[PDB]
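Heads up, the thing below is written out as structure tokens.
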Amino acid sequence: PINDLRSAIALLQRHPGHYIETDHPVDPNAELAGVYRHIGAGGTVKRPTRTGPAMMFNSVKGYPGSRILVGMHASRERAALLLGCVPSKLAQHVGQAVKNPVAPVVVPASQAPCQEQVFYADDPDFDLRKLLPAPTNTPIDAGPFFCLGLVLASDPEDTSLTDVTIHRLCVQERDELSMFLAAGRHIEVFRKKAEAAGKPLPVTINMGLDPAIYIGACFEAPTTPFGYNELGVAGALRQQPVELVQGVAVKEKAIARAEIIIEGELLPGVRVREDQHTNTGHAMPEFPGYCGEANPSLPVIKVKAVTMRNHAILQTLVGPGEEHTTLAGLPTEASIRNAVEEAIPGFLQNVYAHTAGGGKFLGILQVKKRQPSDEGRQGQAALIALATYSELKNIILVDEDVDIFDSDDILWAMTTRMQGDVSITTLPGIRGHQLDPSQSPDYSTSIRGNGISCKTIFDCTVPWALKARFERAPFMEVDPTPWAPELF
Amino acid sequence: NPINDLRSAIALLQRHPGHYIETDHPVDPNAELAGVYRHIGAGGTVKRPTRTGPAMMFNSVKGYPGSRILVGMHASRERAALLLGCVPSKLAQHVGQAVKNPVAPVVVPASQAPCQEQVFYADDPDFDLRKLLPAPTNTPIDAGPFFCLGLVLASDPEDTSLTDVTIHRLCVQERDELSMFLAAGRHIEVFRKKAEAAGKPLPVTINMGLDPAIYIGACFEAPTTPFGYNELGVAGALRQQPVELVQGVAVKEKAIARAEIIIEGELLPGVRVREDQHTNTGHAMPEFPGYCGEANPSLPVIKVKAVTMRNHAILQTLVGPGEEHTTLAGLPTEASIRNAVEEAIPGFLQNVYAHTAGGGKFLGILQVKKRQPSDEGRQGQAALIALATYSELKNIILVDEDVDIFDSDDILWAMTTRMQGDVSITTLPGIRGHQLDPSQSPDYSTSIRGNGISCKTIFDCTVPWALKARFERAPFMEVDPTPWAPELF
């Protein structure tokens, strides 16, 4: 079975094409990301690019004994393989585990591989910049970045309330990182509580994990006493609870079977400019495919210790490309699937949070009109999708005979099953997302501020009265394996 | 080493693994044949699952020992570019360059006509086209067995110096009869009217199994010269070797000397047939948009006089018509659109893709580069030129030079982050498009006055000139990734 990063790699090695290694040296500064751009970054990264194998870089220039791993989640086919289900049913699969979680468990340090090696910060030869090779994606980033930091944090007033989230961090000093916290998230509430009292907030950055943890943590989870409830998804996906170990130097727990763990605390009453040492004005590439701007006021994490297993694998991403599409798009598809199935049972067939929108901006809904009254319900499904995921932008509606994962087949529906003065409904002035650069008053007079957009529903479904005229050419059902065994 | 026929082209594909396979597993030419290749290489607008892949040779045909059927030869832009010696992105330019400097065909005696290694005359009472050629059916609801890549040669029955070569599809009707549609307004149709007026048939040759250069070049617009057969001049220019012609054996027309199979027949005047007379399925064939077409009620009949083929003749056709149609139709579409925009706006259009989702006809993708403030507003001009150039286009998408116009994911990305639905979308109602789009119906829109009329839409996904500094895609370091994974390159 799988219970950490390395056992997942073993499964990938039994399916050739999903994992490779290389011993040719590489620079973690921009060179690594530039290489994986051609191999497996995918997503919204500039062409040429493609989905490919997960990649391991064994020779890291300037970091002997370190190995960097990227693209673990940069493939919907790979992600379904890691959880054991069909790719088209992957969101439905994880959504089922969301509804029947398996709570994590605390285990002693003897069962925590993540603490085989310990490095305290108060040691005078400790330097976070020499201990870990944090890669940069572009030569214009704010600095070195960790992009897959599973952050654990508890309320300082009541430890029974926790939060499990994925963050990115920029290495600033030998013992400091900058970390943005989304306003409204529980951990940001926890941090403002501690900063209001002048106290730091202990946290753990857990990196190099079972893919089931990274994916499952992106879903919304209920709350239970001493919860860490986001981990319950991975517990249900593996039918084995996720094990936790007490931190070595902070009053917070950590993933026991993690590759690397940074223990630190959010400092009270201190901010930092994200690119203070590079002065590029930017932070790093964002999921829409453009370079985000450097945040001028970020809170600082003061590192206390770094614990890692022997021959620790540093896991991060590149792009963020298809990797971000997987981690954000599966929750997007799941919450839309639940909302529509609740409102219109048996109508929605599937949903794809398209990788062209990073799994956030573009939603493709596949419906099936079973009866005359289903005409008019496709627009209802699009309204439900927009209402469930406010950060969406455009919705495309197609029938069950369209493959929503094939963008050629989507454009085909836009071509032969659509009239621009009939099938296109615009919705101006709806709050969308700040990182879409076209959501600007400079782009449209109907946009009153940044992050507001026009939202468009493309109804490429066949009108119920005409479905007999739109049957695709019916080729005979055959098994092509005998005529070309090598292709199957 | 050079290419001058179908078999020399297959030899080139064998030197590039992935573009050609064979199978000895028996296959039924009725439906089963197309059903197999639908999974392997049909591509295009064929219903999923499908993809582009190798061209395929079926060496074992049920009930037809000694026959071998070939499909998918043009069912790939990469394969077509390799078959012509250029990169797939410049494929439309490479052919358009050869169109401007054609090499005229040359007539040769039967000594140099491999196509005439076998001859079957139709006056034999035991003659039967069904026993001779295993014409496949794409779907069980087709009007009948079909030939889909018949290169037809014909000449004016009055002024033989006026010639026309074209690509048609033919449905098998009798042991010696075929039904063949002709597009109104083309020379071979005008030739047939003159002949039918005088109560005289029109001699034609149906050339199948050709150099891909011939099939591809024949779809472009060619001039007219005395005894020219000018659409063949593109293939001659693409090979730097004139296409060889041979006088017919039973009819008054020449045939492709290097062809695999030749059907010599005549268009009988006065007689008409409906396509599905023997099947009554109401349909004819799967069309390029992806739906089954309706049977033609009145079709001119070709009465075959002789069938002519080389030893172990390969039967070439298509399936889908899928990506194979996209290649043959889209390359002319892109070329004429590119010529029109480069003339009107030099240096602006970077590339153009007759997207395979439109069958190479309905959807056009235009890649422009705004170089100066005056270029703002010219992107819509470029879309209007393409719409004016290819009236069967329905939608246009405009993208910048940093968008891969052949990557449908990348096209939807520009439509997601570089587009506002109430700013970037222009609808043009009431413009004639194409009859085979089923949404071009009054039942689909009150602004459509008749079949074949559509609303045409321009999606402007180009960054406004004033904002270009804010829409730079993330700049990843330029590297050569070969040393890190040589097995992938």
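To find a chain, count down the sequence lines: A is the first, B the second, and so on, and within it residues start at 1. All heavy atoms count here, side chains included; hydrogens, waters and symmetry mates do not.
- For B:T457, the part sitting under 4.5 Å from any heavy atom of chain A is the side chain, from C-beta outward, and nothing else.
- Chain B forms the most heavy-atom pairs under 4.5 Å with one residue out of A:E21, A:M476, A:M284, and that residue is A:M476.
- Within the 4.5 angstrom heavy-atom criterion, only backbone atoms of B:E472 (N, CA, C, O) approach chain A.
- Contacts between B:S424 and chain A at a heavy-atom distance below 4.5 Å involve the side chain alone, from C-beta outward.
- Most heavy-atom pairs under 4.5 Å with chain B: of the set A:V26, A:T355, A:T445, this distinction falls to A:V26.
- If you measure heavy-atom distances from A:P25 to chain B, the contacts under 4.5 Å come from the backbone alone.
- With a 4.5 angstrom heavy-atom cutoff, B:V403 does not touch chain A via any of its atoms.
- One finds the OG atom of A:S407 at 10.0 Å from the CG atom of B:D410 (value rounded to the nearest 0.5 Å).
- Separation of atoms CG (B:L412) and CD1 (A:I410) is listed at 6.0 Å; rounding is to 0.5 Å.
- Per-residue counts of heavy-atom pairs under 4.5 Å with chain A were compared for B:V46, B:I21, B:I141; the largest is that of B:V46.
- Note: B:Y444 and A:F470 have tilted aromatic rings, judged against thresholds of 30 and 60 degrees for the angle between ring planes.
- Residues B:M415 and A:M414 meet the side-chain proximity criterion, which asks for heavy atoms closer than 4.5 Å.
- Proximity to chain A is limited to the side chain of B:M56, based on heavy atoms less than 4.5 angstrom apart.
- Put simply, of A:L362, A:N394, A:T426, A:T44, the one with the most heavy-atom pairs under 4.5 Å next to chain B is A:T44.
- There is no contact between B:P49 and chain A, counting heavy-atom distances below 4.5 Å.
- Interface residue A:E31: backbone and side-chain heavy atoms are both found under 4.5 Å from chain B.
- Listed by first and then second residue, the side chain to side chain donor-acceptor pair (under 3.5 Å) pairs involving residues 474-489 of chain B are B:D480-B:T482 (not counting sequence neighbours).
- Ranked by heavy-atom pairs under 4.5 Å with chain B, the list A:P428, A:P463, A:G357, A:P53 is led by A:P463.
- Not counting sequence neighbours, the partners of A:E400 by the side-chain contact (heavy atoms from CB on, under 4.5 Å) test are A:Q349, A:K368, A:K467.
- Both the backbone and the side chain of B:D443 come within contact range of chain A, judged by heavy atoms closer than 4.5 Å.
- Atoms CG and OG, on B:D422 and A:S444 in that order, are 4.5 Å from each other to the nearest 0.5 Å.
- Closest of all the heavy-atom pairs between B:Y291 and A:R469 is CD2-O, 4.4 Å.
- For a residue to count as touching a neighbouring chain, one of its non-hydrogen atoms must lie under 4.5 Å from one of that chain's; by this rule B:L488 touches chain A with the side chain only.
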Task: Verdict with reasoning, A:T416 to B:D437, per side chain to side chain donor-acceptor pair (under 3.5 Å) - done: CA-CA 6 Å; A:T416 62; B:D437 184 345; 5.5 Å; no

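- Heavy atoms of other residues, nucleotides or ligands lying less than 6.0 angstrom from CD of B:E294 number 12 at most.
- Only the side chain of A:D403 comes within contact range of chain B, judged by heavy atoms closer than 4.5 Å.
- In terms of heavy-atom pairs under 4.5 angstrom with chain A, the leader among B:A474, B:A485, B:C455 is B:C455.
- Looking at A:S453, both its backbone and its side chain come within 4.5 Å of chain B, counting heavy atoms on both sides.
- A:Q419 places a side-chain heavy atom less than 4.5 Å from the side chain of B:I448.
- From B:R473, atom CZ reaches atom SG of A:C291 across 12.0 Å, with rounding to the nearest 0.5 Å.
- Here the CG atom belonging to A:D406 is positioned 9.0 Å from the OG1 atom belonging to B:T50, to the nearest 0.5 angstrom.
- Contact of A:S440 with chain B is made through the side chain alone, with heavy-atom distances under 4.5 Å.
- For chain A, no part of B:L33 is nearby; none of its heavy atoms comes within less than 4.5 Å.
- In this structure, B:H39 and A:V478 have side chains that are in contact, with non-hydrogen atoms separated by less than 4.5 Å.
- Heavy atoms closer than 4.5 Å to chain A are found nowhere in B:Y37, neither backbone nor side chain.
- Shortest non-hydrogen contact noted between B:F476 and A:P285 is CZ-CG, 4.3 Å.
- Residue contact with chain A, scored on non-hydrogen atoms closer than 4.5 Å, is absent for B:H283.
- Both the backbone and the side chain of B:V36 come within contact range of chain A, with heavy atoms under 4.5 Å apart.
- Taking the six-membered ring for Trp and the full ring otherwise, the centers of B:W413 and A:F287 sit at least 6.0 Å from each other.
- The greatest number of non-hydrogen atom pairs below 4.5 Å with chain A, out of B:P475, B:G290, B:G53, is found for B:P475.
- When heavy atoms are compared at a cutoff of 4.5 Å, B:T416 approaches chain A by way of both its backbone and its side chain.
- Salt-bridge formation is not detected for the pair A:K46/B:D402: no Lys NZ or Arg NE/NH1/NH2 atom is positioned less than 4.0 Å from an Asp or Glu carboxylate oxygen.
- Under the 4.5 Å side-chain criterion, counting only non-hydrogen atoms from C-beta, A:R417 is not in contact with B:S439.
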